[PDB]
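Here's a solo chain for you in structure tokens, the form deposited in one PDB entry.
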């Protein structure tokens, strides 16, 4: 979303330069409505990369939900 793209960049920045792809992919849209843990199960690609993915996924999932709630309540930022 609007300010969501922002908090994503800030989050991706927080990580060592070679774990940013993992973070980025952890925060892509979720049309199949899979849990964060479920989406890691077949990426392989590493242990330290799964921790990153999972952490960024959980981070952005919470932010999307908070955003959906604000939007539903007409507080929409």
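Residue numbers count along the first chain shown, from 1. The term rigid core refers to the most C-alpha atoms you can superpose between the two forms while keeping them within 1.5 Å.
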* Would you determine, from the values in the PDB entry, which of 11 to 19 and 60 to 68 has the greater average C-alpha temperature factor? => 11 to 19
* Using the entry's values, work out which of 27, 52, 45, 36 has the largest Cα B factor. => 45
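The discussion below concerns the form deposited in another entry, not included here.
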* Answer yes if the Cα of residue 59 shifts by 2 angstroms or more between this form and the one not shown on a rigid-core superposition, and no otherwise. => no
